[PDB]
Number of protein chains: 12
Amino acid sequence: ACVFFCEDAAXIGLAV
Amino acid sequence: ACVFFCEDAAXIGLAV
Amino acid sequence: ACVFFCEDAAXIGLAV
Amino acid sequence: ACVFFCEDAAXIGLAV
Amino acid sequence: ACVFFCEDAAXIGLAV
Amino acid sequence: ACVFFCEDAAXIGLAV
Amino acid sequence: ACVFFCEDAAXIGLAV
Amino acid sequence: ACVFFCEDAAXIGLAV
Amino acid sequence: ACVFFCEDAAXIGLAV
Amino acid sequence: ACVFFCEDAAXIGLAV
Amino acid sequence: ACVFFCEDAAXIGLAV
Amino acid sequence: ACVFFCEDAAXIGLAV
């Protein structure tokens with residue numbers, strides 16, 4: 001999978 | 001966040 | 001390029 | 001939450 | 001009228 | 001996998 | 001806006 | 001939104 | 001202390 | 001975090 | 001001076 | 001605190 005850096009607030013690494 | 005369209009199988013929107 | 005659908009608030013398409 | 005397509009003009013997604 | 005999906009940046013629905 | 005809408009020209013559903 | 005990296009615990013990006 | 005790293009030659013962050 | 005990037009899920013910095 | 005003072009028109013404290 | 005990552009569009013290293 | 005990226009010359013992270 002890959003890590004995306006997205007604002008969820010905070011910006012975190014989401015693994016997809 | 002972004003919406004990804006991915007297999008979970010069925011295809012769904014994913015909140016990224 | 002690709003079209004992504006992400007929240008910026010509103011949900012919009014983005015050209016990548 | 002749900003996404004609705006609404007006028008803001010332009011048509012955009014609103015997250016509610 | 002009709003909705004067109006165009007990049008204005010963001011891609012949004014424009015009513016014509 | 002996921003499906004992204006990308007120009008290949010035509011815009012198509014790219015499978016990845 | 002800018003991205004700041006700050007501790008909130010975790011270190012996260014913040015949109016400013 | 002998500003932050004992508006893309007070339008525009010000149011590698012930049014992209015607000016998606 | 002040091003900052004490590006770890007799963008909490010999301011990927012975040014941890015201060016140790 | 002740091003406290004910033006930013007407008008969102010409406011000047012507020014921001015938790016960064 | 002310091003370098004901040006800010007959208008100018010692209011995200012770039014702003015020198016201040 | 002926040003991490004700033006600043007000249008000390010070399011560039012370093014600063015704990016703010």
# chains A, B, ... in the order shown; residues from 1 in each chain; ligands from 1
call {"tool": "closest_atom_pairs", "arguments": {"of": "chain D", "to": "chain B", "cutoff": "12 Å", "atoms": "only C-alpha atoms", "output": "CSV"}}
result
residue,atom,partner,partner_atom,distance
D:1,CA,B:15,CA,11.3
D:2,CA,B:15,CA,11.9
D:3,CA,B:3,CA,11.2
D:13,CA,B:3,CA,11.9
D:15,CA,B:1,CA,11.5
call {"tool": "select_by_dssp", "arguments": {"residues": "chain J", "states": "strand (DSSP E)", "output": "list in words"}}
result
residues 3, 4, 5, 6, 7, 11, 12, 13, 14 and 15 of chain J
